[PDB]
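Enquirer: Protein chains in written order, with the working numbering: chain H, 1 to 344; chain L, 1001 to 1232; chain B, 2001 to 2055; chain V, 3001 to 3277; chain X, 4001 to 4334.
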Amino acid sequence: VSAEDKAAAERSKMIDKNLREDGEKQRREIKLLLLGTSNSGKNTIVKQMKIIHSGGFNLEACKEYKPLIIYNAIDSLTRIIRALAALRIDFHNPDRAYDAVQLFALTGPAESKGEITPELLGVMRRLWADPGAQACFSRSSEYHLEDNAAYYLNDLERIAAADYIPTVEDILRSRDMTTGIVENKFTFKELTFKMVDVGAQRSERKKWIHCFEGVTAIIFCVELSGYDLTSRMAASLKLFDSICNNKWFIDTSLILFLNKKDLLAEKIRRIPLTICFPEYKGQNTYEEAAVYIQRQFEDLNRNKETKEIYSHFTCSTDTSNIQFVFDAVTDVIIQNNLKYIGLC
Amino acid sequence: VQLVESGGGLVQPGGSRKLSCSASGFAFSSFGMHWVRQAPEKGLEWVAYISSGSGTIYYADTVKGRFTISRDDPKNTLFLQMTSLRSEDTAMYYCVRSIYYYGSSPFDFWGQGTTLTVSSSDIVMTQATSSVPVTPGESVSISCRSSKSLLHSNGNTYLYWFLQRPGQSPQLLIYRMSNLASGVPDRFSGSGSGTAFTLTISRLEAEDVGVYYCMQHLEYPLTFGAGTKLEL
Amino acid sequence: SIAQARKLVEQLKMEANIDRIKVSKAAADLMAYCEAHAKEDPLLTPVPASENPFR
Amino acid sequence: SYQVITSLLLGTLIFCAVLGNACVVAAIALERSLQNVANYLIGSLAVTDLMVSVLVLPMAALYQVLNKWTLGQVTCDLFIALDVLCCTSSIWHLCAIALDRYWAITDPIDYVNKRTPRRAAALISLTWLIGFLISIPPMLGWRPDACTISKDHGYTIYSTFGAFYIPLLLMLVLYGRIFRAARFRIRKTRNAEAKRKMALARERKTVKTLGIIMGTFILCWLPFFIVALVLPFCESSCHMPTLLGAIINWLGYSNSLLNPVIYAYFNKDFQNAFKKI
Amino acid sequence: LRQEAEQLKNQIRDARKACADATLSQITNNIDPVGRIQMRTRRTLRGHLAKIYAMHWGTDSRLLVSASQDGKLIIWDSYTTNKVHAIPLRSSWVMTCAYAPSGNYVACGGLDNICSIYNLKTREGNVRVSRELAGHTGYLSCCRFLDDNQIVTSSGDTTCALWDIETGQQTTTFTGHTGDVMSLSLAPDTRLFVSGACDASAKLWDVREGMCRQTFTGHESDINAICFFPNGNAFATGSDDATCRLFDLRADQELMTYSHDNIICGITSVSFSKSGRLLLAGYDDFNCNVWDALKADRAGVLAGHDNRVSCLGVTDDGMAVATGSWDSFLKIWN
Ligand SMILES: CC(C)CCC[C@@H](C)[C@H]1CC[C@H]2[C@@H]3CC=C4C[C@@H](O)CC[C@]4(C)[C@H]3CC[C@]12C
Ligand SMILES: CC(C)CCC[C@@H](C)[C@H]1CC[C@H]2[C@@H]3CC=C4C[C@@H](O)CC[C@]4(C)[C@H]3CC[C@]12C
Ligand SMILES: CCCN(CCC)[C@@H]1CCc2cccc(O)c2C1
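(1) I want to check one thing, is the minimum distance from the CB of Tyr-3165 (chain V) to the heavy atoms of ligand 3 below 7 angstroms?
(2) Residues near ligand 1, CB to any non-hydrogen atom under 7 angstroms, in chain order?
(3) Label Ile-3262 (chain V) either buried or exposed according to how many other C-beta atoms from any shown protein chain fall within 10 Å of its C-beta, with 16 as the threshold for buried.
(4) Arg-28 (chain H) CB to nearest chain V CB: under 8 angstroms?
(5) Assess, as a yes-or-no matter, whether the segment 3145-3156 of chain V is touched by the segment 3116-3125 of chain V under the definition of 3 or more beta carbon pairs within less than 8 angstroms.
(6) Among X:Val-4270, X:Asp-4147, X:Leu-4063, which one has its Cα closest to the Cα of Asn-4289 (chain X)?
(7) The beta strand (DSSP E) with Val-198 (chain H) in it runs from where to where?
(8) Extract the residue ranges of the beta strand (DSSP E) inside the segment 301-330 of chain H, only unbroken runs of 3 or more that lie entirely within it.
(9) Listed from N- to C-terminal order along the chain, which residues in the segment 4112-4145 of chain X have their beta-carbon within a distance smaller than 8 angstroms of any beta-carbon of chain L?
(10) If we ignore side chains and look at the alpha-carbon of each, how far apart do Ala-290 (chain H) and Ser-40 (chain H) end up?
(11) Can a CB atom of chain H be found closer than 8 angstroms to the CB of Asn-4307 (chain X)?
(12) If we cut at 8 angstroms on Cβ distances, does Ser-2024 (chain B) have a partner in chain X?
(13) Report the rounded CA-to-CA distance for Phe-104 (chain H) versus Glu-115 (chain H), giving the unit in angstroms.
(14) If we call anything under 8 angstroms between Cβ atoms a contact, is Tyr-1102 (chain L) one with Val-4084 (chain X)?
(15) So which of H:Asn-259, H:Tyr-280, H:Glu-29, H:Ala-7 has the shortest CA-CA distance to residue 1233 (chain L)?
(16) Is any beta-carbon of chain L found at less than 8 angstroms from that of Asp-5 (chain H)?
(17) When you compare only the Cα positions, how much space is there between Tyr-1094 (chain L) and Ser-1105 (chain L)?
(18) Can you give me, in chain order, the residues of the segment 4190-4208 of chain X that have a beta carbon less than 9 angstroms from any beta carbon in chain L?
(19) Could you name the residues of the same chain whose beta carbon sits closer than 6 angstroms to that of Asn-43 (chain H), not counting the 5 residues immediately before and after it, in chain order?
(20) Using three-state DSSP, classify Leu-4204 (chain X) as helix, strand or coil.
(21) Using a C-beta cutoff of 8 angstroms, does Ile-271 (chain H) count as contacting chain V?
(22) In terms of residue numbering, what span does the beta strand (DSSP E) encompassing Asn-184 (chain H) cover?
(23) Enumerate in chain order the residues of its own chain whose CB-to-CB distance from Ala-4054 (chain X) is below 6 angstroms, with the five nearest sequence positions on each side excluded.
(24) With a cut-off of 8 angstroms, does the C-beta of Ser-4091 (chain X) fall near any C-beta of chain C?
(25) If we ignore side chains and look at the alpha-carbon of each, how far apart do residue 3286 (chain V) and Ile-3186 (chain V) end up?
(26) So, using beta-carbon positions, are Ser-3090 (chain V) and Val-3056 (chain V) closer together than 8 angstroms?
(27) Output needed in chain order: residues of the segment 3203-3215 of chain V with a Cβ under 8 angstroms from some Cβ in chain H.
(28) Cβ-heavy atom distance between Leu-3010 (chain V) and ligand 2 below 7 angstroms?
(29) Grab the span of the beta strand (DSSP E) containing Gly-132 (chain H) for me, first residue to last.
(30) If you draw a straight line from the C-alpha of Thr-4171 (chain X) to the C-alpha of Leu-4024 (chain X), how long is it?
(31) With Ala-4293 (chain X) and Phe-4272 (chain X) assumed to form a contact (beta carbons below 8 angstroms), what rounded beta-carbon distance in angstroms separates them?
(32) Spatial neighbours of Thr-3106 (chain V) within its chain, please: C-beta separation below 6 angstroms, excluding the five flanking residues on both sides.
(33) Tell me whether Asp-3077 (chain V) counts as near ligand 3, meaning its Cβ is closer than 7 angstroms to at least one heavy atom of that ligand.
(34) Based on Cα-Cα distance, which residue from X:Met-4182, X:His-4177, X:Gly-4156, X:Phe-4145 lies nearest to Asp-4164 (chain X)?
(35) Report all residues from its chain with a CB closer than 7 angstroms to the CB of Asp-130 (chain H); omit the five preceding and five following residues, and keep chain order.
(36) Fully enclosed by the segment 3165-3233 of chain V, which alpha helix (DSSP H) runs are 4 residues long or longer?
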């Protein structure tokens, strides 16, 4: 062991020291994976957990979400204008064609710096107000347009302001840019969560799911209103059955978030819930339909006594979502402790 | 990437001063740092070595107890506190970036140095040849001899070649025997085995003029050779 | 998709238009490569601990 | 034959105690999955019970077999100090484990954030400190072919209280609060029939576990400390039969025999680690 | 078109059968079997705090990189067990790592759908991310450097890709796999490569052309592992159906099947010896198996991991085998 081998060994020892420090930091992290379906609420649950922290207007969280809302507003013009080419709809004023390139010319500059320039604001105002695009927006059924485009387009002036402060209603409707994996660190009441959202994962679960073998719990977001909104709740039931009864998540408790409960309250008044579930045979009011939907999700749960489902009707107004996750994770930790101590 | 020494100047003998080097542009916390001095007309003489993490410190036996070497990882600053400053402590002190892992290039970057002037078992690396006369475009070979085998049993030969170009800090050329440092033109080549070493410059240019130094890194008294100058 | 089916058929067609050796020659080639390097295989024949860098 | 049968029973008990404690320590040292703070505490208790079984049960067994202390007086003082040290430390590891479990069930945030093996080390250091503080007094200043502990009424109160009765209260209270928390968690947790059956099954499991723990501790040690607190006060009224007093002593020692069984050999994780070995 | 595709499949199957004279067992039935490989753990590389998903040996046969779910990419000196670097990843969900043949770069990727290239030899003393190779819409299951500027990545989006690391662009996309592509093996001359996918197919790709030269389908389940034979004329696959197979590029066949009846776990990783006589396959049953690549019998077992052996690789000099596993340890065997 020469002098340089000694200094290489000392370097390896410092590396081990940092590795242990990092592992001790990460061991205190509680890893949860958000695992709801396509339009379920995972993104809005993570966003709502960030925002409503300590007051409904924790604005410092709202500051990081300005680029996303800008991108949604910016893409909204790009989506509506590009819809004209597929719909073969001509602009009422041909001068929009020059402005049509103008948005794409500034599209790169706006998304990269996370701001809406005044020139784009005029370009956006003119393009959106053009009747030809207005018909194009009305024909959104055949075009890939996010439902948040309508509200932002009606308030592009608020979005482009220099001191624009995103609002909770503005953020909660934004669509997080599709990213393979999404990690969110939450510290709630001395407990640090890492909500690991696997975003657009264009691959099979059976290959990447064991990467989350040792998560504390799974947060499964379900859209309650989606029972009649291509078999959205049937997709949630299939996904939940697969995830709950996964070989990797035998002892991993599931936090079941049932999202958009008020929207369900309107939809059942209009649409009967028997459409999704032909064998419902129950009342079509809320606090009956909701409990029914929980019952299906928690009845898909096989292999009880090892894992538990913590069902919650998510309230975007209050911190009952993060509080429920804290309570469920606390119960998960305490139950695990009871288990190896042998009491339960 | 730079190292900038501070301190120096006229010091009354028996006095004390503290040398500092500010590191910039590199991960200074992950580099073992050396102080290497050069008496105002003599060769290079290694002073001290604080490793990365400060967990290991060495001194030249000529200065052990009188100097202490310290680093400020948050400040990216390397220090040398100097006490009982004799007359033989006059030198130009170079801080040397140095990182040790498998295949690393120790002694690869050197600071500008600060001249310090004071009022009035070690491996002996011998390069007895000095002031080799040579002309541009001509191959030259500088010898180096070692009082011990620099060949370690692990397969390394801890022989270093530096280039003290006139008015310039040493430039590492060959880090371990026959390993060309990055940024060194691929005409320098180190060779040797056991105790005898040769630095062959394939087709030298006007940049190669200067003093070429041995250095063993087999042990920690880090000893040089009396540099073999090249002169046009 | 008709485009997908025609792409798949084109791929299969250019799969089939390749030259295949016999499995006899293939097995013999892998054999001969294995004997031609068996001396140069530290895992087949354990090397003496002096020659072993992991010891 | 009285020497033979007693020698064989004490020797088999010493062999089983040594084997059980050493196996627990070895399983924790070998398998990677057993380096928990919880298992550090359990294996330290096995270390303490091994030091009992190796430094006390041989000499105590000799003193029992020969009916007299055939060793010296300095060896008597050493044996008394070691017996008191190791047994007090074993009892206080029972307490340290109980306190670890109480914090594991009632403080999940501390469990995740603050609970590091430095805490197991602190608990073990405290158990041994308490053992020292109970064992050194009569070596220093609180004191014929026999080896008996200082029968000071003051030292009897100090030692028996500080080594068993205070731990008896601590384990009773800690496992009472653990039982209350475990039952509360079970209460928090055709389908209704299945859940109710599961809840009662888990409550039965909790009461069985706590019964095994606290009952073994009490049945093994409390007879001894009832005797050891009463007799030094009964100058002549209370005369303790030899067969009785020896059975009570060796129940106290069977506690160090039985601590691994409750704490390790009943743990399914330890059973897995042993099967894999 | 579907009828024509099935007719072409039948034609390829008959053409493959026309070239199957004698099985590889029958031809190799006379060679002296290797006795029993007593590889022993010469080094245990400790320092990963989560499951190890990938390792790659350096071409100097002494350095190896490993990727773990603990978010670290560690470079090891396997001779001394010294950790040369510990690279913290942006995404801890790393499934693959590659070590550049120059040694100047490592790659890693996984659930982030990005291959990150790391500059090992920077003028500053740190390893930094030199390139983020975005463009895959699924996770990266494997990545392999062609050189310092080119790297081929397989993905769960069912496409392999060739990248220009300087520009960061997919120089070639290798489409044709229907299931998740789980593995790559560059040919020794790196003019072509094989990929195994979850559609139980192994596809031979042309790097320069960009087209699927051949498709190899013998497995019953997902192919998790693939490895070229040292001469580049064959490759071996390791699948979830507890079997390995040796396919020949020129014969376009499945020469040999490396299966055992009491092996029911899938194969996570396969690799060959320097002479290619040994197929070392890592398994879910916690232990790697040494196979006689020519006679299809287990020469040896590299038992020694407490969890699934997730990755393995044989040095370029053939001296040692490193097995990483989900038990967070890398063990050098010999
Ligand atoms: C000398 C040795 C044998 C002493 C051993 C003490 C053991 C055998 C005795 C003492 C206390 C007893 C326990 C007391 C309470 C309960 C709770 C009850 O719901 C199930 C039985 C159970 C769990 C008993 C099991 C047996 C038990 C643990
Ligand atoms: C499995 C264990 C827990 C069962 C209990 C073992 C203990 C309590 C029993 C078993 C054998 C018993 C010993 C048998 C022999 C004698 C000799 C007699 O002159 C004094 C009592 C004494 C010393 C007994 C003490 C208590 C003893 C050691
Ligand atoms: C069966 C255990 C017998 N021994 C010694 C008696 C021969 C215990 C050791 C623990 C202890 C602690 C405090 C006070 C005590 O008297 C004792 C006595």
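C-beta atoms are modelled at their ideal positions from N, C-alpha and C, and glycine is treated no differently.
Expert: According to the data block:
(1) Within the fourth sequence, the letter at position 165 stands for residue 3165 (chain V). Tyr-3165 (chain V): no, Cβ never under 7 angstroms from ligand 3.
(2) V:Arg-3204, V:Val-3207, V:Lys-3208, V:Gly-3211, V:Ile-3212, V:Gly-3215, V:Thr-3216, V:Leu-3219, V:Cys-3220, V:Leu-3251, V:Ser-3254, V:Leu-3258
(3) One-based indexing of the fourth sequence puts residue 3262 (chain V) at position 262. With a 10 Å radius around the Cβ and a threshold of 16 neighbouring Cβ atoms, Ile-3262 (chain V) comes out buried.
(4) Within the first sequence, the letter at position 28 stands for residue 28 (chain H). Closer than 8 angstroms: yes.
(5) no
(6) Looking up residue 4289 (chain X) in the fifth sequence gives position 289. Among X:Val-4270, X:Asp-4147, X:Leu-4063, the Cα nearest to that of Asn-4289 (chain X) belongs to X:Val-4270.
(7) Along the first sequence, one-based indexing puts residue 198 (chain H) at 198. Note, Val-198 (chain H): beta strand (DSSP E), 191-198.
(8) 309-313
(9) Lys-4121, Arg-4123, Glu-4124, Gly-4125, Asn-4126
(10) By 1-based counting over the first sequence, the position of residue 290 (chain H) is 290. By 1-based counting over the first sequence, the position of residue 40 (chain H) is 40. Approximately 15 angstroms, taken between the alpha carbons.
(11) Taking the first residue of the fifth sequence as 1, we reach residue 4307 (chain X) at position 307. It does not; no Cβ of chain H falls within 8 angstroms.
(12) Residue numbering aside, residue 2024 (chain B) sits at position 24 when the third sequence is read from its first letter. It does: the Cβ of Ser-2024 (chain B) has a partner Cβ on chain X nearer than 8 angstroms.
(13) Taking the first sequence and counting its residues from 1, the one referred to as residue 104 (chain H) is at position 104. Taking the first sequence and counting its residues from 1, the one referred to as residue 115 (chain H) is at position 115. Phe-104 (chain H) and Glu-115 (chain H): Cα-Cα distance of roughly 15 angstroms.
(14) Position 102 of the second sequence holds residue 1102 (chain L). Position 84 of the fifth sequence holds residue 4084 (chain X). Yes, they are a contact pair.
(15) Residue 1233 (chain L) lies beyond the range of chain L shown here (1001 to 1232); nothing can be said about it.
(16) Along the first sequence, one-based indexing puts residue 5 (chain H) at 5. Taking 8 angstroms as the threshold, the shortest C-beta distance from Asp-5 (chain H) to chain L falls below it.
(17) In the second sequence, residue 1094 (chain L) corresponds to position 94, counting from 1. In the second sequence, residue 1105 (chain L) corresponds to position 105, counting from 1. Their backbone Cα atoms lie some 17 angstroms apart in a straight line.
(18) none
(19) Within the first sequence, numbered from 1, the residue matching residue 43 (chain H) stands at position 43. Same-chain partners within the cutoff: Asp-176.
(20) Taking the first residue of the fifth sequence as 1, we reach residue 4204 (chain X) at position 204. Correct three-state label for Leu-4204 (chain X): strand.
(21) Looking up residue 271 (chain H) in the first sequence gives position 271. Not an interface residue.
(22) Counting from one through the first sequence, the residue named residue 184 (chain H) turns up at place 184. Segment 181-188, the beta strand (DSSP E) holding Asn-184 (chain H).
(23) The count along the fifth sequence starts at 1 and reaches residue 4054 (chain X) at position 54. The answer, listed in chain order, is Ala-4067, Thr-4096, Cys-4097, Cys-4311.
(24) No chain C is part of this structure, whose protein chains are labelled H, L, B, V and X.
(25) The structure shown has nothing for residue 3286 (chain V), since chain V only spans 3001 to 3277.
(26) The residue you call residue 3090 (chain V) lines up with position 90 of the fourth sequence. The residue you call residue 3056 (chain V) lines up with position 56 of the fourth sequence. No.
(27) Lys-3205, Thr-3206, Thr-3209, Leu-3210
(28) Taking the first residue of the fourth sequence as 1, we reach residue 3010 (chain V) at position 10. True, at least one ligand heavy atom lies under 7 angstroms from that Cβ.
(29) Residue numbering aside, residue 132 (chain H) sits at position 132 when the first sequence is read from its first letter. It is not in any beta strand (DSSP E) - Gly-132 (chain H) instead sits in the alpha helix (DSSP H) that spans 131-138.
(30) The residue given as residue 4171 (chain X) occupies position 171 in the fifth sequence. The residue given as residue 4024 (chain X) occupies position 24 in the fifth sequence. Using only the alpha carbons, I get a separation of about 38 angstroms.
(31) Here residue 4293 (chain X) corresponds to residue number 293 of the fifth sequence, with the count starting at 1. Here residue 4272 (chain X) corresponds to residue number 272 of the fifth sequence, with the count starting at 1. That belief holds up - the Cβ atoms of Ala-4293 (chain X) and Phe-4272 (chain X) are roughly 7 angstroms apart, short of 8 angstroms.
(32) Locating residue 3106 (chain V) in the fourth sequence gives position 106, counting from the first residue. Excluding residues within five positions, the ones whose Cβ falls inside 6 angstroms are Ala-3181.
(33) The sequence position of residue 3077 (chain V) within the fourth sequence is 77, counting from 1. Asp-3077 (chain V) Cβ: outside cutoff for every heavy atom of ligand 3.
(34) Position 164 of the fifth sequence, counted from the start, is the residue given in the question as residue 4164 (chain X). When each option's Cα is compared against that of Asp-4164 (chain X), the closest is X:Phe-4145.
(35) Working through the first sequence from its first residue, we reach residue 130 (chain H) at position 130. Answer for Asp-130 (chain H): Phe-91, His-92, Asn-93, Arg-96, listed in chain order.
(36) Annotation: the segment 3165-3233 of chain V contains the following complete segments of the alpha helix (DSSP H) (minimum length 4 residues), in chain order: 3166-3188, 3191-3230.
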